[PDB]
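Chain residues, written in single-letter form:
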Amino acid sequence: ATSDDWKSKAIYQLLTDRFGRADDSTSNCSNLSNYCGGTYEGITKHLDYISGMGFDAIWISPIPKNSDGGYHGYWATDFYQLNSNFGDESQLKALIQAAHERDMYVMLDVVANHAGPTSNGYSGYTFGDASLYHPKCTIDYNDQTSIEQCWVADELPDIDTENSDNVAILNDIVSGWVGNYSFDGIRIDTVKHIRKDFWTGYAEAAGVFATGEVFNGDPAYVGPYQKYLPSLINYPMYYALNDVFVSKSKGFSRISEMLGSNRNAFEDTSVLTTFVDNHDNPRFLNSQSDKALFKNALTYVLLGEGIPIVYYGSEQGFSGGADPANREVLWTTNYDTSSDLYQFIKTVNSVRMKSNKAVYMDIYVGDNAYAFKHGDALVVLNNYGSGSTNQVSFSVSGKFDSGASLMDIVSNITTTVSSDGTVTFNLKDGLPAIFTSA
Ligand SMILES: *[C@@H]1O[C@H](CO)[C@@H](O)[C@H](O)[C@H]1NC(C)=O
Ligand SMILES: [Ca+2]
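Cut-offs used in this document
Residues numbered from 1 in each chain as written, not as in the entry; some residues may be left out. Chains lettered and ligands numbered in written order. Heavy atoms only, no water. Helix = DSSP H or I, 4+ residues; strand = E, 2+ residues; numbered from the N terminus. Donors = N, O, S within 2.8 Å, 3.2 Å for Na, K, Ca; no water. Buried < 20%, exposed > 50% of the residue type's maximum accessible area, 1.4 Å probe, protein only. Pairing = 2+ DSSP bridges. Right-handed = clockwise from strand over helix to strand, strands pointing away. Domains from an automatic or database assignment. Contact = heavy atoms within 4.5 Å. Buried area = accessible area lost by both parts, 1.4 Å probe. Nonpolar A, V, L, I, M, F, W, Y, C, P; charged D, E, K, R; others polar. Near = heavy atom within 4 Å. Polar contact = N/O pair within 3.5 Å; in protein donor to acceptor, adjacent residues only side chain to side chain. Areas by Shrake-Rupley, 256 points an atom, 1.4 Å probe, with all protein chains shown as cover. Salt bridge = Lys/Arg side-chain N within 4 Å of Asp/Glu carboxyl O. Expected span 1.5 Å × (residues − 1). Arc of directions from axis to C-beta. UniProt positions renumbered as here; feature names shortened; annotations may be inferred.

- Structure determination for this entry is recorded as X-ray crystallography, at 1.4000 Å resolution.

Things to note about the environment of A369
- Mapped onto the fold, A369 is located in strand 10 (residues 369-374).
- Here the alpha-carbon distance between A369 and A115, two residues 254 residues apart in the chain, equals 45 Å.

Regarding the coordination of the calcium ion (ligand 2)
- Here the calcium ion (ligand 2) is held by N113 (OD1), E148 (O), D158 (OD), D158 (OD) and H193 (O), and the distances to it run 2.4 to 2.6 Å.
- Between the donor residues of the calcium ion (ligand 2), the gaps in sequence give the motif N-x34-E-x9-D-x34-H. Of this pair, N113 sits in the loop between strand 3 (105-110) and helix 6 (144-149) while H193 is found in the loop between strand 4 (185-188) and helix 8 (198-206), placing the two residues 80 residues apart along the sequence. In terms of burial, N113 and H193 fall into one category: buried.

What about the pairing of strand 5 (residues 209-212)?
- Residue alternation in strand 5 divides its side chains into two sets, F209 and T211 and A210 and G212, and both sets are buried.
- Across four bridges, the pairing between strand 4 and strand 5 is parallel. Residue pairing in the sheet places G185 in a bridge with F209 of strand 5.
- A crossover connection joins strand 4 to the parallel strand 5 through helix 8; in handedness this β-α-β unit is right-handed.
- Where strand 5 lies against strand 6 (residues 231-232), two bridges are found, and the strand directions are parallel. Pairing of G212 across the sheet is with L232, part of strand 6.

Some points on the domain arrangement of the chain
- When the domains of the chain are assigned, the result is domain 1 (1-356) and domain 2 (357-438).
- Tallying the contact residues gives 27 residues for domain 1 and 31 residues for domain 2.
- Taken together, the two surfaces of domain 1 and domain 2 that pack against each other cover about 2,200 Å², and 66% of this comes from carbon and sulfur.
- Together, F252, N296 and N356 form the three largest contributors to the area buried by domain 1 at its contact with domain 2, with a combined 29%.
- Within the residue set of the side of domain 1 that touches domain 2, elements represented by two or more residues are helix 10 (235-247), helix 11 (253-265), helix 13 (291-303) and helix 14 (340-354).
- In terms of residue count, helix 13 provides more of the side of domain 1 that touches domain 2 than any other element does, seven residues in total.
- Taken together, the residues of the side of domain 1 that touches domain 2 sort by class into 12 nonpolar, nine polar and six charged.

Structural notes on the site of ligand 1
- All residues adjacent to ligand 1 are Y80, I173, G176, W177 and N180.
- At 2.3 Å from an oxygen atom of ligand 1 is found a side-chain nitrogen or oxygen belonging to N180.
- Notes on ligand 1: free accessible area 360 Å², of which the protein chains cover 48%.
- Here the shell around ligand 1 is built from residues that sort into three nonpolar, two polar and no charged.

Description of the pattern of salt bridges
- Per the stated rule, a full pass over the model turns up 17 salt bridges.
- Salt bridges linked by common partners bring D109, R187, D189 and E213 together as one network.

Let's talk about helix 5 (residues 89-101)
- With 13 residues, helix 5 should cover 18 Å at 1.5 Å per step; its first-to-last C-alpha distance of 18 Å lies within 8% of that length.
- For helix 5, the set of buried residues is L92, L95, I96, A98 and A99. End-on view of helix 5: buried residues confined to an arc of 160°, all on one side of the axis. Of the exposed residues in helix 5, the ones pointing more than 90 degrees away from its buried face are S90, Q97 and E101.
- Residues of helix 5 that are buried sit in contact with helix 3 (40-45), helix 4 (47-52), strand 2 (57-60), strand 3 and helix 7 (164-181).
- The opening residue of helix 5 is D88, an N-cap whose side-chain oxygen sits 3.2 Å from the backbone nitrogen of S90.

Observations regarding the UniProt feature "binding site: Ca(2+) 2" (unreviewed entry) in the chain
- Following the UniProt record, the feature "binding site: Ca(2+) 2" (unreviewed entry) maps to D189 and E213 here. These residues run over 25 residues, yet every pair of their C-alpha atoms falls within 5.4 Å of each other.
- On the basis of relative accessibility, which here comes to 6%, the residue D189 falls in the buried class.
- The residues contacting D189, other than those within four sequence positions of it, are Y74, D109, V110, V111, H114, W199 and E213.
- Here the side chain of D189 touches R187 through a polar contact of 2.9 Å, side chain to side chain.
- Within the element layout of this structure, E213 appears in the loop between strand 5 and helix 9 (219-222).
- With near-sequence residues (within four places) excluded, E213 lies in contact with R187, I188, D189, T190, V191, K192, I233, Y235 and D280.

This is the structure in structure tokens:
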């Protein structure tokens, strides 16, 4: 599927090892650093749980055979063999067919930069001897040559992407994964760790929409990558959202400033993928346990500028910290669709799905409150947190008619635009508000 096809989607990011199994067990996993037993069949069994929340795309773990302990898929050995932990060809195709029957997209995570660590040599690996990898070195994160030539985590064999045989093989691998399985898009791992010009050829080989992971918070660093890939993961907005909602070290001017910095660094901000947590960073609720702040952040993710990504287990209030504690098994929850955050996400996705897709950011930039439009809906965020009944007030002159009746989808709140265009109302429990006009 194309960039334009993906612009309207909202992605549920899951770890294949951690989402679901064929069995109905709610037992915890005793070691989150090794395989817990999640499978493709486990995702198929629970697709209705995911679509029930209003997601219409999933991003799954990399699929190839991995080195020991590579439950996350990022440590490939033989790129042309499936990881048998997750299932076989038939089970992966049955998942993609089940998703497609539900009009859901499937996005494959892909690695070109590295293989899994060695304990001996490279027997069994697609890149089957030391000469096919860059010499081992540690990354100097001030030196882009070091970032590209040296080994991730000091330990992941860095494929020699300047060997043209290796480039042709990497392009063949991603063309085959996408073509053989009819994936609709890819999420590209470790983009900053290979020279930019590689990515043109690799994404063309894949032949579908790609969102690249450039793990850096600076728009001036990430933005230039959109010359080479059609979308990047919005790490710069992730840091702004965390400043406003998790530490409250900035007011909402930080989100307004970051929208402007992204407009100045990126060709097309509308296709960047928005998120507030993921598998590489502590969950939101680890640092900031206030679920009203989480709900405000999730509202930004789902309705603000960009393509939303929500990390699995957000809807069950998961609160684990540093990797792998943030990679909890979902089945302890028994896929409870009555969970407050599941019903919240379903509510917000119903706005997303069914409103015009025109987003107008920065209707109001306050210190502790903020408003924007998502289609016809007026979205109001705040960082006062749980228990707040603070007043929020701002002008909507020329955006909503004077005297217009606004009704909040989240809480009971009804408010009338004043005779001169001002919206003024009290929060309920610090919750986001999503107003429509009568
Ligand atoms: C794609 O399928 C072809 C036909 O079996 C096979 O030769 C190729 O290895 C497959 N590619 C991958 C990356 O699985
Ligand atoms: Ca590299």
